[PDB]
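Q: Structure file target_30.cif (mmCIF, C-alpha atoms) is given on the next line.
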```cif
data_data
#
loop_
_atom_site.group_PDB
_atom_site.id
_atom_site.type_symbol
_atom_site.label_atom_id
_atom_site.label_comp_id
_atom_site.auth_asym_id
_atom_site.auth_seq_id
_atom_site.Cartn_x
_atom_site.Cartn_y
_atom_site.Cartn_z
ATOM 1 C CA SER A 1122 7.506 14.095 1.153
ATOM 2 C CA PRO A 1123 4.628 11.611 1.942
ATOM 3 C CA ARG A 1124 4.688 10.082 -1.604
ATOM 4 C CA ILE A 1125 5.257 6.304 -1.641
ATOM 5 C CA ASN A 1126 7.280 5.435 -4.792
ATOM 6 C CA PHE A 1127 8.458 8.955 -5.736
ATOM 7 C CA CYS A 1128 11.968 8.539 -4.210
ATOM 8 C CA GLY A 1129 12.736 5.093 -5.663
ATOM 9 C CA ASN A 1130 10.990 1.775 -4.954
ATOM 10 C CA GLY A 1131 10.273 0.031 -1.628
ATOM 11 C CA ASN A 1132 10.030 1.521 1.873
ATOM 12 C CA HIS A 1133 11.981 4.760 1.233
ATOM 13 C CA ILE A 1134 13.847 6.034 4.304
ATOM 14 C CA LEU A 1135 15.930 8.896 2.907
ATOM 15 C CA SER A 1136 17.756 10.009 -0.255
ATOM 16 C CA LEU A 1137 21.136 11.676 -0.946
ATOM 17 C CA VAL A 1138 22.357 13.435 -4.135
ATOM 18 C CA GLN A 1139 25.734 13.544 -5.911
ATOM 19 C CA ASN A 1140 26.815 15.344 -9.068
ATOM 20 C CA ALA A 1141 26.997 13.253 -12.267
ATOM 21 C CA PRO A 1142 28.083 14.027 -15.862
ATOM 22 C CA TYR A 1143 25.095 15.950 -17.384
ATOM 23 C CA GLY A 1144 22.799 15.302 -14.386
ATOM 24 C CA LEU A 1145 22.397 14.218 -10.776
ATOM 25 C CA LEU A 1146 22.810 10.783 -9.220
ATOM 26 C CA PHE A 1147 20.388 10.101 -6.382
ATOM 27 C CA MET A 1148 21.092 7.401 -3.812
ATOM 28 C CA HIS A 1149 17.757 6.177 -2.427
ATOM 29 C CA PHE A 1150 18.084 4.318 0.886
ATOM 30 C CA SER A 1151 15.218 1.926 1.655
ATOM 31 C CA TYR A 1152 14.190 -0.294 4.570
ATOM 32 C CA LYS A 1153 14.572 -3.899 3.348
ATOM 33 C CA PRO A 1154 13.071 -6.821 5.322
ATOM 34 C CA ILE A 1155 15.485 -9.824 5.560
ATOM 35 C CA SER A 1156 13.361 -12.478 7.334
ATOM 36 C CA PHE A 1157 9.610 -12.767 8.022
ATOM 37 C CA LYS A 1158 7.333 -14.363 10.637
ATOM 38 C CA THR A 1159 3.802 -15.384 9.605
ATOM 39 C CA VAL A 1160 1.463 -14.103 12.360
ATOM 40 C CA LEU A 1161 -2.282 -13.854 12.976
ATOM 41 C CA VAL A 1162 -3.317 -10.174 13.011
ATOM 42 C CA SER A 1163 -6.473 -8.205 13.806
ATOM 43 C CA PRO A 1164 -7.057 -4.889 11.908
ATOM 44 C CA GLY A 1165 -9.185 -3.634 14.864
ATOM 45 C CA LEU A 1166 -10.713 -4.572 18.258
ATOM 46 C CA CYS A 1167 -14.044 -3.921 20.010
ATOM 47 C CA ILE A 1168 -13.070 -3.183 23.661
ATOM 48 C CA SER A 1169 -14.754 -2.316 27.013
ATOM 49 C CA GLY A 1170 -18.061 -0.391 26.430
ATOM 50 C CA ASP A 1171 -18.099 -1.410 22.711
ATOM 51 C CA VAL A 1172 -15.360 1.203 21.964
ATOM 52 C CA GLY A 1173 -13.517 0.586 18.692
ATOM 53 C CA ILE A 1174 -9.714 0.698 18.433
ATOM 54 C CA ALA A 1175 -7.579 0.490 15.284
ATOM 55 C CA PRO A 1176 -3.769 0.029 15.282
ATOM 56 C CA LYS A 1177 -1.537 2.962 14.103
ATOM 57 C CA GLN A 1178 0.909 1.661 11.424
ATOM 58 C CA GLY A 1179 0.642 -1.864 12.851
ATOM 59 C CA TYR A 1180 -1.613 -4.691 13.974
ATOM 60 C CA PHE A 1181 -3.191 -6.250 17.055
ATOM 61 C CA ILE A 1182 -1.606 -9.630 17.941
ATOM 62 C CA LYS A 1183 -2.558 -12.451 20.361
ATOM 63 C CA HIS A 1184 0.774 -12.852 22.273
ATOM 64 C CA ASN A 1185 0.950 -14.841 25.564
ATOM 65 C CA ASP A 1186 -2.911 -15.226 25.258
ATOM 66 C CA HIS A 1187 -3.040 -11.374 25.707
ATOM 67 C CA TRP A 1188 -3.900 -8.698 23.093
ATOM 68 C CA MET A 1189 -0.724 -6.805 22.056
ATOM 69 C CA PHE A 1190 0.315 -4.354 19.302
ATOM 70 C CA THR A 1191 3.139 -4.728 16.742
ATOM 71 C CA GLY A 1192 4.431 -2.388 14.042
ATOM 72 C CA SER A 1193 3.524 -3.451 10.469
ATOM 73 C CA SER A 1194 7.193 -3.340 9.308
ATOM 74 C CA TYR A 1195 8.856 -5.123 12.285
ATOM 75 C CA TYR A 1196 7.544 -7.856 14.608
ATOM 76 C CA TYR A 1197 7.887 -6.626 18.190
ATOM 77 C CA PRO A 1198 4.840 -7.233 20.427
ATOM 78 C CA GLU A 1199 4.290 -4.273 22.799
ATOM 79 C CA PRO A 1200 1.319 -3.312 25.051
ATOM 80 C CA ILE A 1201 -1.719 -1.627 23.460
ATOM 81 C CA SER A 1202 -1.869 2.081 24.467
ATOM 82 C CA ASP A 1203 -3.167 5.461 23.248
ATOM 83 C CA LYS A 1204 0.276 5.963 21.544
ATOM 84 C CA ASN A 1205 -0.329 3.156 18.961
ATOM 85 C CA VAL A 1206 -4.176 3.342 18.667
ATOM 86 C CA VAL A 1207 -6.882 5.280 16.773
ATOM 87 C CA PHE A 1208 -10.031 5.436 18.976
ATOM 88 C CA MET A 1209 -13.652 5.124 17.737
ATOM 89 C CA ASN A 1210 -16.787 5.747 19.881
ATOM 90 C CA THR A 1211 -18.401 2.667 18.206
ATOM 91 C CA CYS A 1212 -16.549 -0.452 16.947
ATOM 92 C CA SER A 1213 -16.996 -1.576 13.306
ATOM 93 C CA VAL A 1214 -18.440 -4.973 12.394
ATOM 94 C CA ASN A 1215 -15.949 -7.876 12.250
ATOM 95 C CA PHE A 1216 -13.590 -6.072 14.695
ATOM 96 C CA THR A 1217 -12.498 -8.850 17.081
ATOM 97 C CA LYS A 1218 -14.388 -8.770 20.413
ATOM 98 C CA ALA A 1219 -11.904 -8.094 23.244
ATOM 99 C CA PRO A 1220 -13.917 -6.955 26.356
ATOM 100 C CA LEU A 1221 -10.874 -7.494 28.654
ATOM 101 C CA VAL A 1222 -8.700 -4.801 26.910
ATOM 102 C CA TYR A 1223 -8.235 -1.515 28.860
ATOM 103 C CA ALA B 1074 12.942 10.013 -66.086
ATOM 104 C CA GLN B 1075 15.713 10.784 -63.538
ATOM 105 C CA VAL B 1076 14.498 14.438 -63.297
ATOM 106 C CA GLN B 1077 10.890 13.322 -62.670
ATOM 107 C CA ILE B 1078 11.875 10.566 -60.187
ATOM 108 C CA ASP B 1079 14.179 13.049 -58.390
ATOM 109 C CA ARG B 1080 11.231 15.460 -57.838
ATOM 110 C CA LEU B 1081 9.231 12.529 -56.335
ATOM 111 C CA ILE B 1082 12.187 11.372 -54.154
ATOM 112 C CA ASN B 1083 12.638 14.925 -52.830
ATOM 113 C CA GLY B 1084 8.896 15.346 -52.089
ATOM 114 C CA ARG B 1085 8.595 11.908 -50.396
ATOM 115 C CA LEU B 1086 11.783 12.384 -48.311
ATOM 116 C CA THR B 1087 10.522 15.864 -47.230
ATOM 117 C CA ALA B 1088 7.198 14.249 -46.228
ATOM 118 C CA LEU B 1089 9.013 11.522 -44.197
ATOM 119 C CA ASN B 1090 11.098 14.209 -42.426
ATOM 120 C CA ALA B 1091 7.924 16.147 -41.521
ATOM 121 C CA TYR B 1092 6.222 12.956 -40.238
ATOM 122 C CA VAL B 1093 9.339 11.993 -38.206
ATOM 123 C CA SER B 1094 9.512 15.470 -36.599
ATOM 124 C CA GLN B 1095 5.800 15.290 -35.678
ATOM 125 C CA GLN B 1096 6.255 11.732 -34.297
ATOM 126 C CA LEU B 1097 9.147 12.875 -32.024
ATOM 127 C CA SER B 1098 6.979 15.748 -30.722
ATOM 128 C CA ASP B 1099 3.985 13.418 -30.151
ATOM 129 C CA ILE B 1100 6.080 10.831 -28.251
ATOM 130 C CA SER B 1101 7.229 13.623 -25.872
ATOM 131 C CA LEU B 1102 3.532 14.120 -24.909
ATOM 132 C CA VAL B 1103 3.098 10.315 -24.562
ATOM 133 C CA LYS B 1104 6.107 10.197 -22.146
ATOM 134 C CA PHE B 1105 4.614 13.090 -20.128
ATOM 135 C CA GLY B 1106 1.265 11.203 -19.957
ATOM 136 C CA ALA B 1107 2.986 7.931 -18.966
ATOM 137 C CA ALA B 1108 4.858 9.714 -16.131
ATOM 138 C CA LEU B 1109 1.512 11.169 -14.917
ATOM 139 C CA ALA B 1110 -0.097 7.688 -15.079
ATOM 140 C CA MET B 1111 2.805 6.165 -13.069
ATOM 141 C CA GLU B 1112 2.458 8.995 -10.507
ATOM 142 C CA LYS B 1113 -1.353 8.379 -10.305
ATOM 143 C CA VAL B 1114 -0.707 4.603 -9.833
ATOM 144 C CA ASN B 1115 1.726 5.251 -6.968
ATOM 145 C CA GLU B 1116 -0.144 8.149 -5.304
ATOM 146 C CA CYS B 1117 -3.847 7.262 -5.924
ATOM 147 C CA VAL B 1118 -4.079 3.424 -6.262
ATOM 148 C CA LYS B 1119 -1.181 1.944 -4.193
ATOM 149 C CA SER B 1120 -1.405 4.793 -1.654
ATOM 150 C CA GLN B 1121 -3.365 8.005 -1.041
ATOM 151 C CA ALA C 977 -1.728 -2.165 -2.396
ATOM 152 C CA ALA C 978 -4.167 -0.995 0.379
ATOM 153 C CA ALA C 979 -1.804 0.206 3.171
ATOM 154 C CA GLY C 980 -1.694 -3.291 4.770
ATOM 155 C CA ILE C 981 -5.390 -3.246 5.915
ATOM 156 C CA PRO C 982 -8.728 -4.539 4.491
ATOM 157 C CA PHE C 983 -10.110 -2.517 1.548
ATOM 158 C CA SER C 984 -13.361 -1.619 3.376
ATOM 159 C CA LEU C 985 -11.377 -0.270 6.375
ATOM 160 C CA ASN C 986 -9.146 1.724 3.987
ATOM 161 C CA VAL C 987 -12.330 3.225 2.395
ATOM 162 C CA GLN C 988 -13.722 3.995 5.878
ATOM 163 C CA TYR C 989 -10.467 5.623 7.121
ATOM 164 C CA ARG C 990 -10.169 7.623 3.855
ATOM 165 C CA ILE C 991 -13.754 8.925 4.219
ATOM 166 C CA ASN C 992 -13.089 9.670 7.929
ATOM 167 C CA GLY C 993 -9.999 11.750 6.962
ATOM 168 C CA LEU C 994 -12.309 14.123 4.996
ATOM 169 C CA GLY C 995 -14.080 15.196 8.234
ATOM 170 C CA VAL C 996 -16.727 12.434 8.580
ATOM 171 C CA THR C 997 -17.283 10.872 12.027
ATOM 172 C CA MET C 998 -16.411 7.170 12.300
ATOM 173 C CA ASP C 999 -19.784 6.521 14.026
ATOM 174 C CA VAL C 1000 -21.804 7.108 10.828
ATOM 175 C CA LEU C 1001 -19.208 5.215 8.758
ATOM 176 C CA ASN C 1002 -19.078 1.951 10.690
ATOM 177 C CA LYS C 1003 -22.931 1.820 11.067
ATOM 178 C CA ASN C 1004 -23.539 2.598 7.347
ATOM 179 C CA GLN C 1005 -20.873 0.081 6.111
ATOM 180 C CA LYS C 1006 -23.411 -1.739 3.849
ATOM 181 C CA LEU C 1007 -24.694 1.601 2.418
ATOM 182 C CA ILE C 1008 -21.055 2.672 1.759
ATOM 183 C CA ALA C 1009 -20.210 -0.670 0.064
ATOM 184 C CA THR C 1010 -23.391 -0.485 -2.082
ATOM 185 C CA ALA C 1011 -22.584 3.149 -2.982
ATOM 186 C CA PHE C 1012 -19.057 1.989 -3.958
ATOM 187 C CA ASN C 1013 -20.115 -0.926 -6.208
ATOM 188 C CA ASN C 1014 -22.938 1.263 -7.683
ATOM 189 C CA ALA C 1015 -20.262 3.888 -8.548
ATOM 190 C CA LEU C 1016 -18.192 1.127 -10.218
ATOM 191 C CA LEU C 1017 -21.278 -0.037 -12.180
ATOM 192 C CA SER C 1018 -21.965 3.608 -13.196
ATOM 193 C CA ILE C 1019 -18.418 3.822 -14.646
ATOM 194 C CA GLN C 1020 -18.923 0.499 -16.519
ATOM 195 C CA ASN C 1021 -22.331 1.505 -17.923
ATOM 196 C CA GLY C 1022 -20.885 4.929 -18.920
ATOM 197 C CA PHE C 1023 -18.914 3.287 -21.795
ATOM 198 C CA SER C 1024 -22.260 2.458 -23.546
ATOM 199 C CA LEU D 833 17.773 7.281 -53.663
ATOM 200 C CA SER D 834 21.028 5.400 -52.847
ATOM 201 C CA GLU D 835 23.015 8.270 -54.447
ATOM 202 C CA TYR D 836 21.035 10.733 -52.243
ATOM 203 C CA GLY D 837 22.924 9.768 -49.038
ATOM 204 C CA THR D 838 22.157 8.795 -45.411
ATOM 205 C CA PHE D 839 18.582 10.239 -45.468
ATOM 206 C CA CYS D 840 16.778 6.905 -45.075
ATOM 207 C CA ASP D 841 19.257 5.745 -42.383
ATOM 208 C CA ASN D 842 18.478 8.937 -40.393
ATOM 209 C CA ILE D 843 14.675 8.411 -40.776
ATOM 210 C CA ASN D 844 14.999 4.772 -39.623
ATOM 211 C CA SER D 845 17.277 5.816 -36.706
ATOM 212 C CA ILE D 846 14.869 8.485 -35.374
ATOM 213 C CA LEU D 847 11.875 6.098 -35.604
ATOM 214 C CA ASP D 848 13.890 3.323 -33.869
ATOM 215 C CA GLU D 849 14.785 5.760 -31.032
ATOM 216 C CA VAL D 850 11.100 6.871 -30.730
ATOM 217 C CA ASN D 851 9.910 3.234 -30.650
ATOM 218 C CA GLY D 852 12.674 2.393 -28.097
ATOM 219 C CA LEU D 853 11.336 5.268 -25.921
ATOM 220 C CA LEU D 854 7.784 3.786 -26.212
ATOM 221 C CA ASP D 855 9.116 0.294 -25.263
ATOM 222 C CA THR D 856 11.127 1.669 -22.289
ATOM 223 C CA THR D 857 8.036 3.659 -21.209
ATOM 224 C CA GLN D 858 5.823 0.531 -21.346
ATOM 225 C CA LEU D 859 8.370 -1.393 -19.203
ATOM 226 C CA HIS D 860 8.435 1.479 -16.645
ATOM 227 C CA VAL D 861 4.584 1.555 -16.459
ATOM 228 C CA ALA D 862 4.467 -2.249 -16.014
ATOM 229 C CA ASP D 863 7.211 -2.065 -13.330
ATOM 230 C CA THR D 864 5.223 0.692 -11.562
ATOM 231 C CA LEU D 865 2.021 -1.417 -11.619
ATOM 232 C CA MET D 866 3.855 -4.533 -10.333
ATOM 233 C CA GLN D 867 6.014 -2.710 -7.735
ATOM 234 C CA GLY D 868 5.532 -3.994 -4.172
ATOM 235 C CA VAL D 869 2.687 -6.378 -5.173
ATOM 236 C CA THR D 870 2.627 -9.428 -2.896
ATOM 237 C CA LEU D 871 -0.194 -11.970 -3.438
ATOM 238 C CA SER D 872 -1.208 -15.198 -1.751
ATOM 239 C CA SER D 873 -0.803 -18.485 -3.687
ATOM 240 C CA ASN D 874 -4.347 -19.361 -2.450
ATOM 241 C CA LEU D 875 -6.002 -16.719 -4.728
ATOM 242 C CA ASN D 876 -8.393 -18.233 -7.334
ATOM 243 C CA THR D 877 -10.341 -16.399 -10.095
ATOM 244 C CA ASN D 878 -13.369 -18.748 -9.819
ATOM 245 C CA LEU D 879 -14.147 -18.232 -6.040
ATOM 246 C CA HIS D 880 -12.786 -14.852 -4.734
#
```
Show me, as structure tokens, the structure contained in the file I just sent.
A:
Amino acid sequence: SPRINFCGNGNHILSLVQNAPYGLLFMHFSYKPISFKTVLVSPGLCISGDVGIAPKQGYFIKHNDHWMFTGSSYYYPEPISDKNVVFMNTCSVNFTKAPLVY
Amino acid sequence: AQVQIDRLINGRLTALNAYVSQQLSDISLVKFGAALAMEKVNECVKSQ
Amino acid sequence: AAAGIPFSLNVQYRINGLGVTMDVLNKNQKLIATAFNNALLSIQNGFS
Amino acid sequence: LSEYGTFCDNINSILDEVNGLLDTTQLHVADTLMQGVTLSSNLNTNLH
């Protein structure tokens, strides 16, 4: 269910259940980050004909001087596409100006 | 004096038992409310 | 505690999810922010 | 009262259990509020 801390704490992946004396014992499996990279992120971009784009469960990253997308829970720069973007007919203020994207 | 004090002891102990039973029942409602508040924290403030 | 994005963008995406076009939301950002802090002030003044 | 029995021990035990439930509940609410909260060391109350 899309409920954040209902099935234990952290980034809950999945849960399993086992019988216990007078109850149930749940094993909550969570995604635990081990190491982190500090990166500069953009929560949105103003592209082409002033079209706004927002990242889906991620961020826009300047990688190799080019605008790229990365997931919010794992650093892996990948090209910006309709698969990882929410489109807007107008871009919001403070969205980074990127006329060269798409 | 023991007969009179015994009537008071019995009345006061009965009153403490009644208060204790009510306090157990009230704390059940407080636990229910605290669970709802934790659920509202998690599903309304930290996330939607 | 805001889904990893700025609070104003979280407010805008939450209002958009109700069936409100993003075009009125990103052009009325100041009106939305003023409505939000006026709602907070209304809650604070409501204790009087 | 001492010749009455374990009545006062039982009253104290139930209230201690009720108060332990309130304490455990307060710790769970505080844990829920503080869960997943990551803040920057650059935050200051006088400027932000």
Q: Atom CA of residue 1214 of chain A to atom CA of residue 984 of chain C: how many Å, to one decimal?
A: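 Computing it gives 10.9 Å between the two atoms.
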Q: Report as a list in words the residues that result from applying the PyMOL selection byres ((chain D) within 12 of (chain A)) to the structure here.
A: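 Applying the expression gives residues 860, 863, 864, 865, 866, 867, 868 and 869 of chain D.
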Q: When you get a sec, could you note down which chain B residues fall within 8 Å of chain D, using all atoms listed in the file, as a list in words?
A: residues 1082, 1086, 1089, 1090, 1093, 1096, 1097, 1100, 1104, 1107, 1110, 1111, 1114 and 1115 of chain B
Q: Can I get the residues of chain B within 9 Å of chain A, each with the closest pair of atoms and their distance in Å to one decimal, using only C-alpha atoms, sorted chain first then ascending number, as a tab-separated table?
A:
```
residue	atom	partner	partner_atom	distance
B:1112	CA	A:1127	CA	7.7
B:1115	CA	A:1126	CA	6.0
B:1116	CA	A:1124	CA	6.4
B:1119	CA	A:1125	CA	8.2
B:1120	CA	A:1125	CA	6.8
B:1121	CA	A:1124	CA	8.3
```
Q: Those selected residues, please, written with C-alpha atoms and delivered as a compact mmCIF listing (two decimals), in the coordinates of the input.
A:
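Saved to again-v6.txt:
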```
# COMPACT_ATOMS: atom_id res chain seq x y z
CA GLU B 1112 2.46 8.99 -10.51
CA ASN B 1115 1.73 5.25 -6.97
CA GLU B 1116 -0.14 8.15 -5.30
CA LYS B 1119 -1.18 1.94 -4.19
CA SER B 1120 -1.40 4.79 -1.65
CA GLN B 1121 -3.36 8.01 -1.04
```
Q: Any chance you could resolve the PyMOL selection byres ((chain A and resi 1148) around 12) against this file and give the residues as a list in words?
A: residues 1128, 1129, 1130, 1133, 1134, 1135, 1136, 1137, 1138, 1139, 1140, 1141, 1145, 1146, 1147, 1149, 1150 and 1151 of chain A
Q: Can you write out the residues you just picked, keeping C-alpha atoms, as a short mmCIF file (atom, residue, chain, number, x, y, z; two decimals), in the frame of the given file?
A:
```cif
data_model
loop_
_atom_site.label_atom_id
_atom_site.label_comp_id
_atom_site.auth_asym_id
_atom_site.auth_seq_id
_atom_site.Cartn_x
_atom_site.Cartn_y
_atom_site.Cartn_z
CA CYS A 1128 11.97 8.54 -4.21
CA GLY A 1129 12.74 5.09 -5.66
CA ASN A 1130 10.99 1.78 -4.95
CA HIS A 1133 11.98 4.76 1.23
CA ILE A 1134 13.85 6.03 4.30
CA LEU A 1135 15.93 8.90 2.91
CA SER A 1136 17.76 10.01 -0.26
CA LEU A 1137 21.14 11.68 -0.95
CA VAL A 1138 22.36 13.44 -4.14
CA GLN A 1139 25.73 13.54 -5.91
CA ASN A 1140 26.82 15.34 -9.07
CA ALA A 1141 27.00 13.25 -12.27
CA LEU A 1145 22.40 14.22 -10.78
CA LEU A 1146 22.81 10.78 -9.22
CA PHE A 1147 20.39 10.10 -6.38
CA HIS A 1149 17.76 6.18 -2.43
CA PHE A 1150 18.08 4.32 0.89
CA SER A 1151 15.22 1.93 1.66
#
```
Q: With all atoms listed in the file considered, list every residue of chain C at most 10 Å from chain B, as number ranges by chain.
A: C: 977-979, 986, 990
Q: If the box runs along x, y and z of the file and leaves 3 Å on each side of segment 988-1006 of chain C, what are its centre and edge lengths in Å, one decimal, as JSON?
A:
```
{"center_x": -16.8, "center_y": 6.7, "center_z": 8.9, "size_x": 19.5, "size_y": 22.9, "size_z": 16.2}
```
Q: Which residues, written as a ChimeraX atom specification, have at least one atom at most 8 Å from residue 1220 of chain A, with only C-alpha atoms counted and residues fewer than 2 positions away on the same chain left out?
A: /A:1167-1171,1218,1222
Q: For the PyMOL selection byres ((chain C) within 9 of (chain A)), applied here, can you spell out every residue it catches as a PyMOL selection string?
A: chain C and resi 979-982+985+997-999+1001-1003+1005
Q: If I take atom CA of residue 1010 of chain C and atom CA of residue 1162 of chain A, how far is one from the other in Å, to one decimal?
A: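 Straight-line distance from atom CA of residue 1010 of chain C to atom CA of residue 1162 of chain A works out to 26.9 Å.
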Q: So the first atom is atom CA of residue 1174 of chain A and the second is atom CA of residue 1191 of chain A; what is the distance between them in Å, to one decimal place?
A: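 Here the two named atoms are 14.1 Å from each other.
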Q: Given all atoms listed in the file as the basis, pick out the residue of D:870, D:845, D:877, D:838 nearest to chain C.
A: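 Ranked by minimum distance to chain C, first place goes to D:870.
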Q: Residues within 12 Å of residue 1079 of chain B, please, as a short mmCIF file (atom, residue, chain, number, x, y, z; two decimals) with C-alpha atoms, in the coordinates of the input. Count only C-alpha atoms; anything in the same chain fewer than 4 positions from it doesn't count.
A:
```cif
data_model
loop_
_atom_site.label_atom_id
_atom_site.label_comp_id
_atom_site.auth_asym_id
_atom_site.auth_seq_id
_atom_site.Cartn_x
_atom_site.Cartn_y
_atom_site.Cartn_z
CA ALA B 1074 12.94 10.01 -66.09
CA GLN B 1075 15.71 10.78 -63.54
CA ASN B 1083 12.64 14.92 -52.83
CA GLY B 1084 8.90 15.35 -52.09
CA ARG B 1085 8.60 11.91 -50.40
CA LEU B 1086 11.78 12.38 -48.31
CA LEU D 833 17.77 7.28 -53.66
CA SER D 834 21.03 5.40 -52.85
CA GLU D 835 23.02 8.27 -54.45
CA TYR D 836 21.04 10.73 -52.24
#
```
Q: Which one of D:876, D:841, D:852, D:871 sits closest to chain C if you count all atoms listed in the file?
A: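 Closest residue, counting all atoms listed in the file: D:871.
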Q: Can you rebuild segment 986-1006 of chain C with N, CA and C atoms and give it as an mmCIF file, keeping the file's coordinate frame?
A:
```
data_model
loop_
_atom_site.group_PDB
_atom_site.id
_atom_site.type_symbol
_atom_site.label_atom_id
_atom_site.label_comp_id
_atom_site.auth_asym_id
_atom_site.auth_seq_id
_atom_site.Cartn_x
_atom_site.Cartn_y
_atom_site.Cartn_z
ATOM 1 N N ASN C 986 -9.860 0.657 4.668
ATOM 2 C CA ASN C 986 -9.146 1.724 3.987
ATOM 3 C C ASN C 986 -10.149 2.758 3.452
ATOM 4 N N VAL C 987 -11.270 2.324 2.864
ATOM 5 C CA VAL C 987 -12.330 3.225 2.395
ATOM 6 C C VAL C 987 -12.901 4.002 3.576
ATOM 7 N N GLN C 988 -13.195 3.340 4.692
ATOM 8 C CA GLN C 988 -13.722 3.995 5.878
ATOM 9 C C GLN C 988 -12.735 5.015 6.453
ATOM 10 N N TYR C 989 -11.453 4.687 6.591
ATOM 11 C CA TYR C 989 -10.467 5.623 7.121
ATOM 12 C C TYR C 989 -10.254 6.789 6.160
ATOM 13 N N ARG C 990 -10.283 6.552 4.845
ATOM 14 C CA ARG C 990 -10.169 7.623 3.855
ATOM 15 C C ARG C 990 -11.358 8.561 3.928
ATOM 16 N N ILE C 991 -12.581 8.055 4.080
ATOM 17 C CA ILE C 991 -13.754 8.925 4.219
ATOM 18 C C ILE C 991 -13.674 9.677 5.551
ATOM 19 N N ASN C 992 -13.224 9.032 6.627
ATOM 20 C CA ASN C 992 -13.089 9.670 7.929
ATOM 21 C C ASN C 992 -12.105 10.843 7.871
ATOM 22 N N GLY C 993 -11.009 10.706 7.126
ATOM 23 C CA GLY C 993 -9.999 11.750 6.962
ATOM 24 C C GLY C 993 -10.513 13.024 6.293
ATOM 25 N N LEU C 994 -11.668 12.972 5.628
ATOM 26 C CA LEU C 994 -12.309 14.123 4.996
ATOM 27 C C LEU C 994 -13.120 14.955 5.992
ATOM 28 N N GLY C 995 -13.284 14.499 7.233
ATOM 29 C CA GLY C 995 -14.080 15.196 8.234
ATOM 30 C C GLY C 995 -15.441 14.548 8.441
ATOM 31 N N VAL C 996 -15.507 13.223 8.385
ATOM 32 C CA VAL C 996 -16.727 12.434 8.580
ATOM 33 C C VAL C 996 -16.526 11.578 9.818
ATOM 34 N N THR C 997 -17.436 11.642 10.785
ATOM 35 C CA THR C 997 -17.283 10.872 12.027
ATOM 36 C C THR C 997 -17.278 9.370 11.765
ATOM 37 N N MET C 998 -16.478 8.613 12.508
ATOM 38 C CA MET C 998 -16.411 7.170 12.300
ATOM 39 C C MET C 998 -17.708 6.463 12.689
ATOM 40 N N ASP C 999 -18.507 7.067 13.567
ATOM 41 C CA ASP C 999 -19.784 6.521 14.026
ATOM 42 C C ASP C 999 -20.799 6.353 12.899
ATOM 43 N N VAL C 1000 -20.889 7.297 11.956
ATOM 44 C CA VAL C 1000 -21.804 7.108 10.828
ATOM 45 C C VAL C 1000 -21.211 6.136 9.814
ATOM 46 N N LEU C 1001 -19.885 6.066 9.719
ATOM 47 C CA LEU C 1001 -19.208 5.215 8.758
ATOM 48 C C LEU C 1001 -19.281 3.743 9.105
ATOM 49 N N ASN C 1002 -19.054 3.367 10.358
ATOM 50 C CA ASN C 1002 -19.078 1.951 10.690
ATOM 51 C C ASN C 1002 -20.511 1.416 10.851
ATOM 52 N N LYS C 1003 -21.533 2.276 10.977
ATOM 53 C CA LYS C 1003 -22.931 1.820 11.067
ATOM 54 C C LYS C 1003 -23.592 1.778 9.684
ATOM 55 N N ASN C 1004 -23.077 2.555 8.730
ATOM 56 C CA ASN C 1004 -23.539 2.598 7.347
ATOM 57 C C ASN C 1004 -22.567 1.828 6.431
ATOM 58 N N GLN C 1005 -21.849 0.812 6.925
ATOM 59 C CA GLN C 1005 -20.873 0.081 6.111
ATOM 60 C C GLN C 1005 -21.514 -0.534 4.864
ATOM 61 N N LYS C 1006 -22.692 -1.149 4.988
ATOM 62 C CA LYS C 1006 -23.411 -1.739 3.849
ATOM 63 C C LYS C 1006 -23.829 -0.668 2.838
#
```
